[PDB]
Amino acid sequence: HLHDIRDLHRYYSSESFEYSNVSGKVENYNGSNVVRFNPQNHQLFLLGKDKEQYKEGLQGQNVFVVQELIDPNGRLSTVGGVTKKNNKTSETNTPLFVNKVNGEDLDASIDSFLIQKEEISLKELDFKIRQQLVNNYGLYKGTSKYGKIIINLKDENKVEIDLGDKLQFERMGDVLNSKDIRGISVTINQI
Amino acid sequence: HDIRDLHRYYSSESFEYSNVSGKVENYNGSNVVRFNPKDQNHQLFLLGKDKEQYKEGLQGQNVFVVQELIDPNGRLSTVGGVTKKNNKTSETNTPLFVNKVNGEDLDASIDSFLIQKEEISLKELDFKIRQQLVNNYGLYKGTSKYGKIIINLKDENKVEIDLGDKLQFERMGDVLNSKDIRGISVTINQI
Numbered sequence: 021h022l023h024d025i026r027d028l029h030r031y032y033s034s035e036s037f038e039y040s041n042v043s044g045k046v047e048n049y050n051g052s053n054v055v056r057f058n059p060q061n062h063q064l065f066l067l068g069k070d071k072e073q074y075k076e077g078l079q080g081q082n083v084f085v086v087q088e089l090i091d092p093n094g095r096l097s098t099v100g101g102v103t104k105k106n107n108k109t110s111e112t113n114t115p116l117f118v119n120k121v122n123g124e125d126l127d128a129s130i131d132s133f134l135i136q137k138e139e140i141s142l143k144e145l146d147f148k149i150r151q152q153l154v155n156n157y158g159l160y161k162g163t164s165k166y167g168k169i170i171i172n173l174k175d176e177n178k179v180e181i182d183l184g185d186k187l188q189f190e191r192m193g194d195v196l197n198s199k200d201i202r203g204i205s206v207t208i209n210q211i
Numbered sequence: 023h024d025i026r027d028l029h030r031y032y033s034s035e036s037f038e039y040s041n042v043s044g045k046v047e048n049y050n051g052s053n054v055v056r057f058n059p060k061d062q063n064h065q066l067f068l069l070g071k072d073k074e075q076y077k078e079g080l081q082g083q084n085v086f087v088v089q090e091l092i093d094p095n096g097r098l099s100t101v102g103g104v105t106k107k108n109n110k111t112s113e114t115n116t117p118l119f120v121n122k123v124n125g126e127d128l129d130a131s132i133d134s135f136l137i138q139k140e141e142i143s144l145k146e147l148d149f150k151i152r153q154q155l156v157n158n159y160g161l162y163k164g165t166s167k168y169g170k171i172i173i174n175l176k177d178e179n180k181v182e183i184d185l186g187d188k189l190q191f192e193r194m195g196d197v198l199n200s201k202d203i204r205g206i207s208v209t210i211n212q213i
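Those protein sequences? They're chains A and B, same order as listed. Quick note on numbering: the first sequence equals residues 21 to 211 in the authors' numbering. Quick note on numbering: the second sequence equals residues 23 to 213 in the authors' numbering.
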């Protein structure tokens, strides 16, 4: 897990790409499973719920990509972010709350969050949400670092994400039906 | 304001009467409208936005009631809470996020809020949320007192209510369009 406010800031401010028609075989890279592709050369770690679902490879999927590192051979490595295609360009605006506790004060704000697909990886959800927090709510700046992103799916399940560190690599493979996302409430608990 | 009084008030029984009618009048300073369904004489203080809107009294509209007191003459007094008339049963479900901030700890739940009618006074919205919280989220019990209810309205206006005290009498006449309620997110800043 990545601690340190400055490190969190840079990563969640970085550039992201989204690719379609991504197919690769499958290959073992010291332990975890991988998929190389070249639209610049690329490497995709399946080590989560995608380890299960893409256990032999990718046929034509979409991949949300955030650059973790360039490995020794020169590959853009990235974890998770795999969605289906056929993956409709469905589109849903969803209520966003940012609740900024600062000891005894509370600066609450309302926004919305535009998911642009029928299916969205928890990786992409997490990235886009925090990038919005970084840009408009001063997340990972001064005293804004700890807190949670909370996602309500069809009024029954919950998805917590601790803002204190990077989304865990294991749950980057998770996928959500956009439709089901009812809202998002973030609560930054200030130092 | 004391936490046990807030507990009592927001733990109390509500009524919503149909077809309420009466002329406006007197009572020391403030406008009121005396009405009465079977066997219990009511007195409705119009001391806010409803002071202007309903300055010639009450045709057939509905009235959300919460007993503030029983006045010297025996009339059960109540402030605000007037909705439109018909006022159909169009049913909206609307997401509810509860966030309990206990120092460095943060416990967030997800839930749903069932609004039954097409319009709804702020008074009724305020009461129904707080009651749910008092019944399911240990509000007004122990260290749970301060915080805010933040309602998100049709893309995208905000309404804050402070949990630290009873809803200001002067806003009880405010009314919301039920469909436009995107979602509520309450934060309890624990002591």
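Just so you know, even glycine gets a beta-carbon here, dropped at the ideal spot from N, CA and C.
Bounding residues of the beta strand (DSSP E) (the contiguous stretch that carries residue i)
| i | result |
| --- | --- |
| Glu47 (chain A) | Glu47 to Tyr49 |
| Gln81 (chain A) | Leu78 to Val86 |
| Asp91 (chain A) | Taken as a continuous stretch (DSSP letters only), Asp91 (chain A) belongs to no beta strand (DSSP E), as it is neither H nor E. |
| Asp127 (chain A) | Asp125 to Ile135 |
| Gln63 (chain A) | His62 to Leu66 |
| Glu38 (chain A) | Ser36 to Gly44 |
| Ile203 (chain B) | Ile203 to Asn211 |
| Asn53 (chain A) | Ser52 to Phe57 |
| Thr98 (chain A) | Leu96 to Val99 |
| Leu136 (chain B) | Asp127 to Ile137 |
| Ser40 (chain B) | That residue, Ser40 (chain B), is in no beta strand (DSSP E); it is neither H nor E in DSSP. |
| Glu141 (chain B) | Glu141 to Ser143 |
Limits of the unbroken alpha helix (DSSP H) element including residue i
| i | result |
| --- | --- |
| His29 (chain A) | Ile25 to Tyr31 |
| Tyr31 (chain B) | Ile25 to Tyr31 |
| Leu161 (chain B) | Unbroken run through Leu161 (chain B): none, as it is neither H nor E. |
| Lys120 (chain A) | Counting along the chain, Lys120 (chain A) falls outside any alpha helix (DSSP H), though it belongs to the beta strand (DSSP E) covering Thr112 to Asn122. |
| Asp70 (chain A) | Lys69 to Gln73 |
Assigned exposure category for residue i - 16 Cβ within 10 Å defines buried
| i | result |
| --- | --- |
| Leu155 (chain B) | buried |
| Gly70 (chain B) | buried |
| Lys120 (chain A) | buried |
| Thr116 (chain B) | buried |
| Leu89 (chain A) | exposed |
| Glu139 (chain A) | buried |
| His21 (chain A) | exposed |
| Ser207 (chain B) | buried |
| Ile211 (chain A) | exposed |
| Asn209 (chain A) | buried |
| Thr100 (chain B) | buried |
| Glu141 (chain B) | buried |
| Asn82 (chain A) | buried |
| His23 (chain A) | exposed |
| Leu91 (chain B) | exposed |
| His62 (chain A) | buried |
| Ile183 (chain B) | buried |
| residue 218 (chain A) | What is shown of chain A runs 21 to 211, which leaves residue 218 (chain A) out entirely. |
| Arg152 (chain B) | buried |
| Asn177 (chain A) | exposed |
| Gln75 (chain B) | exposed |
| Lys180 (chain B) | exposed |
Neighbour list for residue i in chain B, Cβ cutoff strictly below 9 Å
| i | result |
| --- | --- |
| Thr207 (chain A) | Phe119, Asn121, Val123, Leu128, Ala130, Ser207 and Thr209 |
| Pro92 (chain A) | Within chain B, no residue comes near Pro92 (chain A); the closest Cβ sits about 39 Å away, beyond 9 Å. |
| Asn172 (chain A) | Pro117, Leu118, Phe119, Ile132, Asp133, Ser134 and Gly205 |
Chain-ordered neighbours of residue i on chain B, where CB pairs are closer than 8 Å
| i | result |
| --- | --- |
| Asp131 (chain A) | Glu178 |
| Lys178 (chain A) | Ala130, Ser131 and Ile132 |
| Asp175 (chain A) | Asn115, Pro117, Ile132, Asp133 and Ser134 |
Chain-ordered chain A contacts of residue i [CB-CB under 8 Å]
| i | result |
| --- | --- |
| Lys201 (chain B) | Those within 8 Å of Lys201 (chain B) in chain A number zero; the least Cβ separation is about 14 Å. |
| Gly169 (chain B) | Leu126 |
| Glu182 (chain B) | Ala128 |
Partner residues on chain A for residue i, Cβ-Cβ distance less than 7 Å
| i | result |
| --- | --- |
| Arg204 (chain B) | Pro115 |
Chain A contact residues for residue i, given Cβ-Cβ distances below 9 Å
| i | result |
| --- | --- |
| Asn174 (chain B) | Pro115, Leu116, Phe117, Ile130, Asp131, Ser132 and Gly203 |
Under 7 Å from the C-beta of residue i: neighbouring residues of chain B
| i | result |
| --- | --- |
| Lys168 (chain A) | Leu128 and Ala130 |
Closer than 9 Å to chain D by CB, residue i
| i | result |
| --- | --- |
| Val121 (chain A) | The chain labelled as chain D is not found among the protein chains of the depicted structure, namely A and B. |
Next item on the list: Kindly provide the ranges of any beta strand (DSSP E) runs that are 3 or more residues long and lie completely inside the stretch 44-122 of chain B, ordered along the chain.
Entry: 54-57, 64-67, 85-87 and 98-101, all fully within the stretch 44-122 of chain B.
Notebook entry, point to check: Would the stretch 196-208 of chain A and the stretch 169-185 of chain A be scored as touching if the rule is three or more Cβ pairs under 8 Å?
Noted result: yes
Next item on the list: Entirely within the stretch 139-209 of chain A and at least 4 residues each: give me those alpha helix (DSSP H) ranges in chain order.
Entry: Listed in chain order, they are 142-156.
Check: Quick one: complete beta strand (DSSP E) runs, 3+ long, within the stretch 148-200 of chain B?
Finding: 169-175, 179-184 and 197-199
Next item on the list: Say whether the stretch 67-87 of chain B touches the stretch 107-114 of chain B, bearing in mind that this needs 3 or more beta-carbon pairs closer than 8 Å, one atom from each stretch.
Entry: yes
Margin query: Check whether the stretch 95-102 of chain A and the stretch 117-136 of chain A touch, using three or more Cβ-Cβ pairs below 8 Å as the test.
Written below: Judged by Cβ distances under 8 Å, the stretch 95-102 of chain A makes no contact with the stretch 117-136 of chain A, as fewer than three pairs qualify.
Next item on the list: Spell out a yes or no on whether the stretch 197-212 of chain B and the stretch 171-182 of chain B are touching, meaning 3 or more CB-CB pairs, one atom from each, closer than 8 Å.
Entry: yes
Check: With a cut-off of 8 Å, do at least 3 Cβ pairs link the stretch 64-76 of chain A to the stretch 98-115 of chain A?
Finding: yes
Check: How do the stretch 135-142 of chain B and the stretch 155-164 of chain B stand: do at least 3 beta-carbon pairs fall below 8 Å, yes or no?
Finding: no
Margin query: Pairs of beta-carbons, one from the stretch 53-68 of chain B and one from the stretch 92-99 of chain B, closer than 8 Å: are there three or more?
Written below: Counting Cβ pairs under 8 Å, three or more are found: they touch.
Note to self: Can you confirm whether the stretch 189-198 of chain B touches the stretch 104-124 of chain A when touching is taken to mean that 3 or more C-beta pairs between the two stretches lie within less than 8 Å?
What the structure shows: no
Next item on the list: Determine, using beta-carbon pairs with one atom in the stretch 41-55 of chain B and one in the stretch 153-163 of chain A, whether at least three such pairs fall under 8 Å.
Entry: In this structure the stretch 41-55 of chain B does not touch the stretch 153-163 of chain A; the number of beta carbon pairs closer than 8 Å is below three.
Check: When the Cβ atoms of the stretch 28-36 of chain A are set against those of the stretch 141-155 of chain A, are three or more pairs found closer than 8 Å?
Finding: Output reads yes: the stretch 141-155 of chain A touches the stretch 28-36 of chain A.
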